[PDB]
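Before we start, here is the structure in question, set down as structure tokens.
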Amino acid sequence: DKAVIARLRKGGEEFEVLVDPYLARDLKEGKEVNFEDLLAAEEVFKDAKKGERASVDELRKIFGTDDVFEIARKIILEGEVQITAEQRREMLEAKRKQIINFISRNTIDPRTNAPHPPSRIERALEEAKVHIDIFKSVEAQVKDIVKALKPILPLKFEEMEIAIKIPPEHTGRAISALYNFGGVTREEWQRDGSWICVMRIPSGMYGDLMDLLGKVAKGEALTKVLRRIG
């Protein structure tokens with residue numbers, strides 16, 4: 001009873017599969033999913049609660065194939081995943097969090113070129129009554145959300161390129177930490193033991209980069225803002 005029914009009406013018939021609701025959510029978002037884990041039974045049902053299985057001949061007729069994996073994919077994508085009220089709440093809470101974190105990191109308020117705390121984006125989501133879609137990725141719904149937020153919270157998606165030089169003593173620590181932060185481009189070791197790159201980062205993550213650099217090169221790293229990319 002961990003599995004939930006996903007259901008699709010096709011050609012005057014009902015078809016059901018029994019799936020892990022989180023992995024089904026992942027598939028509808030466009031993530032890669034392990035079908036052996038997704039499916040609780042490798043079967044298409046006419047009625048899963050009664051154990052009435054769909055015949056191979058009916059599947060070929062309606063779906064054009066008898067492959068349970070391909071048919072499960074269609075049912076999940078085109079049909080309805082019957083998650084519980086408590087799964088839905090939990091998924092909604094997790095998705096809203098990811099949206100909030102992504103907006104906070106990938107935008108700046110043009111009233112300092114700085115980023116709103118998560119808490120301010122959260123209140124703004126409440127106040128504009130933004131619909132959160134649990135079966136879409138952040139990336140696929142965030143444009144629409146930011147547009148619903150424009151009236152009461154102004155936000156621009158901005159990136160920056162920032163030239164970095166790390167002196168020879170501090171490379172062992174700094175380089176590896178910068179790759180871990182992400183955004184390293186045009187990296188070049190220098191004959192004197194130093195190393196340079198251009199970091200391409202979400203403008204909301206500037207202050208976080210600058211703190212990382214303080215830590216890992218003890219305030220000896222040199223930087224230069226090359227451009228902001230609106």
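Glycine also receives a Cβ, built like all others from the backbone with ideal geometry; neighbour counts cover every protein chain displayed. Laboratory data are not the source of any read-out in this text; all were calculated from the coordinates shown.
Name the single residue, out of those in the range 123-161 being under 29 Å from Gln82 (Cα atoms), assigned to a helix (DSSP H, G or I) and small (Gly, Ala, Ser), that is farthest from the chain's Cα centre (by Cα).
That would be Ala128.
Filter the range 112-141 down to residues that are of a type outside the set (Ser, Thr, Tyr), loosely packed, with under 12 Cβ neighbours inside 10 Å and at negative phi, then give me how many there are.
4
How many residues are small (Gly, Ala, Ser) and within 19 Å of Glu158 (Cβ to Cβ) when one looks only at the range 169-214?
As a first pass, look at the range 169-214 and keep what is small (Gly, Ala, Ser): 172, 174, 176-177, 182-183, 193-194, 203-204, 207, 214.
Add one more test, that the residue is within 19 Å of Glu158 (Cβ to Cβ), and what stays is 182-183, 203-204, 207.
Total satisfying the criteria: 5.
Which condition breaks for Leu27 when tested against (1) at positive phi; (2) surrounded by 15 or more Cβ atoms within 10 Å (Cβ to Cβ)?
(1)
Among the residues of the range 142-193, which ones are surrounded by fewer than 18 Cβ atoms within 10 Å (Cβ to Cβ), in contact with a helix residue (DSSP H, G or I) (Cβ under 7 Å, 6 or more places away or on another chain) and among the aliphatic types (A, V, I, L, M)?
Hits for the range 142-193 are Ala148, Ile152, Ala177, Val184.
Within the range 15-48, track down each residue that is over 17 Å from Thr65 (Cβ atoms) and of a type in the set (A, V, I, L, M).
The answer is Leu18, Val19, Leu23, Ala24, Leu27, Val33, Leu38, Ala40, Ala41, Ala48.
Now, a different point. Looking for something in contact with a helix residue (DSSP H, G or I) (Cβ under 6 Å, 6 or more places away or on another chain) and among the β-branched types (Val, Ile, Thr) - is there at least one such residue anywhere in the range 57-69?
Among the residues of the range 57-69, not one is in contact with a helix residue (DSSP H, G or I) (Cβ under 6 Å, 6 or more places away or on another chain) and among the β-branched types (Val, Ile, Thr), which makes the answer no.
Among (1) crowded, with 18+ Cβ neighbours inside 10 Å; (2) over 25 Å from the mean Cα position of the chain (by Cα); (3) closer than 23 Å to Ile108 by Cα, which single condition is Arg227 missing?
(1)
With the structure loaded, tell me whether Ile196 is over 30 Å from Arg25 (Cβ atoms) and either surrounded by 14 or more Cβ atoms within 10 Å (Cβ to Cβ) or touching a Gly at 6+ places or on another chain (Cβ under 6 Å) (or both) or whether it fails that test.
The answer is yes for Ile196.
Exactly one condition in (1) surrounded by fewer than 14 Cβ atoms within 10 Å (Cβ to Cβ); (2) touching a helix residue (DSSP H, G or I) at 6+ places or on another chain (Cβ under 9 Å); (3) over 30 Å from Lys143 (Cβ atoms) is false for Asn101; which is it?
(3)
Next up: So, in the range 104-135, how many residues would count as being free of Cβ contacts under 8 Å to residues at least 24 places away in the same chain and of a type in the set (A, V, I, L, M)?
1
Quick one: what pairs do we get from the range 78-103, first residue over 19 Å from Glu126 (Cβ atoms), second surrounded by fewer than 14 Cβ atoms within 10 Å (Cβ to Cβ), C-beta under 9 Å, 6+ apart or different chains?
Cβ pairs passing all conditions: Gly79/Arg9.
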